Structure formats: structure tokens, C-alpha cells
Amino acid sequence: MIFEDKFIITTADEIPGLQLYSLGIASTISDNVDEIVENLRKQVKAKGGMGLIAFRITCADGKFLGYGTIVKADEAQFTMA
Amino acid sequence: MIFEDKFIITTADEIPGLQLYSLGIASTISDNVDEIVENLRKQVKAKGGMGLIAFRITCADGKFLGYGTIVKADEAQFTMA
Amino acid sequence: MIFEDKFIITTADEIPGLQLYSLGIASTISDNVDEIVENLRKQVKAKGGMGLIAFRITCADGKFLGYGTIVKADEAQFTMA
Amino acid sequence: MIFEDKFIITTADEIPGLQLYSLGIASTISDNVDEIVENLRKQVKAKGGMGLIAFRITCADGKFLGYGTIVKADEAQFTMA
Amino acid sequence: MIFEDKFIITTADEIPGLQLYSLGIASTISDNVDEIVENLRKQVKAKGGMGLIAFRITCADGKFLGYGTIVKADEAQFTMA
């Protein structure tokens, strides 16, 4: 219970010192940040991502697509691939 | 000696030269900058945060939460132990 | 060192370590994220760009839309002649 | 006497190379950008600031607002020792 | 005369490595991106600027607000005193 369990979420940051690799873009429309974040977490967690960068929700009119990009750092120790 | 800052509010991207650590996301809806800022300052410090980054107010000219990530930097204790 | 792959899309406009060259600006409006990405792809793939930076979407009838700056790395195959 | 910069205005950036210190946030409701800039300028120079950062200001529609943060740069920090 | 690059358009993307000088701010209200860009380019090059920062688009088929900061690189460096 320690590997593949560290989920981080930052907004308007860069987390310098880490090499991030693009794993695609995630988007989900819904209400309550807990459901949006919880739904995104399961995406990286299940895709082996690390978290979401620039998690800006900023709604306008019913549009709650928490746009975020999934990133991953080398040295996964999960699968040599 | 006695510094000064307590709650820092900046409008940009981040504060370089300091190690910022995210301990959660903050979100609030309301009017008046005094109540919006105080609402976050209370939610930010209540969780141990010391400043807010990217202070927004309105953009879609209607429904819009300021949205802000809570962050904090270590004082001198090493995370090793 | 991991080099570039094919089409990359991030939300932060950075990717340090690479020389980005402006090839202009792209803009598209539609009610489909997969169609917008594909529509822009044909626009970038046709311009030999690298990918889309800061790609956001949020509109119902015809309000906001998708937008981004095109970028390319290496020589622009154009200097004088 | 001897004045080249002093007043500096950037649209969403950070002006790297300069130490900026926040001494409060400025906000004013009005129409016409000429009056907004002049209104903040008088508020910024009146406080002995340097200029204004983050000039996003959304388009007009019925009740928008151009919020901004006041900043100032100077040799060393606050002495008053 | 090695500057080569002169007119550059960037959307939500800083340009480190270049010394930018503020020459004021531009603003455009109307529809049609071709008229907005042409209005800024003519306003930027007419003042002998370098390029424009910001941009973005919103509310198509209608009026919005196209603005940006006018910058210019020519302050040169400084002698190592």
C-alpha cells in the first residue's frame, strides 16, 4: 500500500524537479468537485497516471468540464514495459 | 525579526524561490471581494495554507467561482524524518 | 532521453528543452471535442506543427470556442528564398 | 527627473527579472478602458506602486469588472529597523 | 541585425530569452477574427512594436474584446559593474 497511490492535483503550477509525460487529456461534466476529482482520479489511477495539472474548472453555464491533462514520470517501477 | 504577510494574495501563476506544496483545492461562490477573499483566507489558513495563487473573480460575466489551490512551504524540518 | 512522438496536446504551454516556432493561430467551433481535435489536427498536420497548447472548450449555441497557437521545432524550411 | 519605465502594465504575464511585492489589491467598476486604466494608474501611483499586473478584464456585457493586484519593486525589502 | 524575428503572436505562452519593453496596451471590439488581428497588427507595427501577448477569442458571430500588451526588445543588456 504505497506504490501507485500518490495522487496530486495542482492548479496554475508546474511542480519543477519532475519530468512529466503526456498521457492524453481527461474531461468530465458533473456537479460537486468531489465527483469531478474522484472521477478524474480513477482515470489516472486506472491509466497509471500521476495526477492532473492545471485543474481549472471555471464554469460558464452548465459546463463543468474539469479540463486537465494526465502526466506520468519515468521510473514507474510498476512495469518495465 | 517580526516579518509581515500572514495571508498573501497574488494574481499571476506562482511564487518562484519558494517550495509550494498543495494540500487540497479551495472553491467558494459569493459577491464582494471582501467576503470572497475572507472566505478563502479562512478556508486556506484553516487547512494550514499561508497564501493564495491566481485570485480570479468573474470571467463569464455571470456564474464563476474564484477557485484557488491551497499551498504551503516547509519551514526547515526535512521530510526525510 | 525520451524524444518527441507524434501529436502532443498539453494545458500549460511550456515543454521546456524544445525550440518552439510560431506558425500562426488556429481557431475552430463545433459541438464535439473529438471532432475539434481532429479538425485542428488536419489544420496542424497540414501546417507541420507540433501540437495544441492550452486547448479549452465550453459553448452550447455559439458562445466561446476552441483556440490555441500553433508551434513547430527545427528549421522552418524558410529563410530567404 | 530621469524616468523611462516606472509605470509598467502587462496583460497576464509575470515580468521576470523584477522583484514584485504586493501591498494590496485594487478593483474599480466602470465602462471604457481609458477610464479604467486611468483610474487604476491614479490608484497605483498614489500608493507609490510600480504598475499593474494581469490586465485580462473580460469584455463588457452588463456588469463586468477589471480586478488587478498592486505591486512595487525596490532595493532590499522593508527595513524600518 | 541578428534579431531576424520581428512580428510574433503568442496566446497564453511567455517568451523567456527576450527582453520585452511595454509600449502600452491595445484593445479591439467587433466580430471577425481577421479584422481583430489585422487591427492589432496594424496598431502594433504602426508603433514599431515587436509582437502582441494574450489574444484568445470568445463569443463568435458577435462582439467581444481583442486586446494585448505591446512589447518591444531593444533595452540591450548592461555592463557587469
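So basically every Cβ, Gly included, is an ideal-geometry build from the backbone, and we count neighbours across all protein chains shown. Quick note: the coordinates plus some simple rules give every number you see, no bench work behind them.
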Problem set entry | 10 Å Cβ neighbours from other chains, averaged over peptide C:61-70 | 5
Exercise. If you keep only loop residues by DSSP, which trypsin sites (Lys or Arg not before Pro) in chain D have at most 13 other Cβ atoms within 10 Å of their Cβ?
Worked result: D:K6, D:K47, D:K63
Seminar exercise, completed: Out of E:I29, E:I53, E:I70, a Gaussian network model of chain E with alpha-carbon springs under 10 Å gives the largest mean-square fluctuation to E:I29
Exercise. For chain C, what is the mean residue ellipticity at 222 nm derived from helices alone (per DSSP H run of n ≥ 4: -39500 (n - 2.57); sum divided by total residues; nearest 500 deg cm²/dmol)?
Worked result: -6000 deg cm²/dmol
Seminar exercise, completed: Within chain A, pairs of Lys residues whose Cα atoms are less than 18 angstrom apart, provided they are eight or more positions apart or on distinct chains, add up to 7
Exercise. Angle, helix C:33-47 long axis vs. longest principal axis of chain C, Cα atoms, 0 to 90°, nearest 10?
Worked result: 30
Problem set entry | For E:12-23, mean number of other protein chain Cβ atoms within 10 Å | 4
For this session: Be a star and scan the range D:25-40 for residues whose amide nitrogen sits under 20 Å from the point 7 Å along the Cα-to-Cβ vector of E:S30.
Result: D:32-34
For this session: Mind listing the label-point distances from B:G48 to the same position on all other copies, shortest first, one decimal in nm, points 7 Å along Cα→Cβ?
Result: 3.2, 3.8, 5.3, 5.6
For this session: Evaluate the charge dipole of the protein assembly as shown about its Cα centre and quote only its size in Debye, nearest 20, assuming +1 on the Cβ of each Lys and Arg and -1 on the Cβ of each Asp and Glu.
Result: 240
Exercise. Could you give the nm distance between label points at A:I8 and B:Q77, where each point is 7 Å from its Cα heading toward the beta carbon?
Worked result: 2.0
Exercise. Nm distances between the label at B:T79 and the same-position labels in the remaining copies, 7 Å along Cα→Cβ, shortest first?
Worked result: 2.7, 3.8, 4.7, 4.7
Problem set entry | Charge dipole magnitude, Cβ of K and R +1, D and E -1 - chain B, Cα centre, debye nearest 20 | 260
For this session: Taking amide H positions as placed in the peptide plane 1.01 Å from N, state which residues far from D:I70 in sequence (5 or more) or on other chains have amide H under 5 Å from it.
Result: D:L23, D:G24, D:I25, D:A26
Seminar exercise, completed: chain D, convex hull of Cα, quarter of hull surface, nm² -> 6.5
Exercise. When only Cα pairs under 8 Å and 6 or more residues apart are kept, what is the percent relative contact order across chain A?
Worked result: 41
Problem set entry | Peptide B:47-54 - average C-beta neighbours from other chains (10 Å radius) | 1
Seminar exercise, completed: The set of residues whose placed amide H lies less than 5 Å from the amide H of A:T10, leaving out same-chain residues fewer than 5 positions away, is A:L52, A:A54, A:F55
For this session: Work out how far the C-alpha atoms of the protein assembly as shown reach from end to end along every principal axis, then list the three figures in whole Å, largest first.
Result: 66, 65, 53
Problem set entry | Label 7 Å beyond Cα on the Cβ vector: B:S27 copy-to-copy distances, nm | 1.8, 2.1, 3.0, 3.2
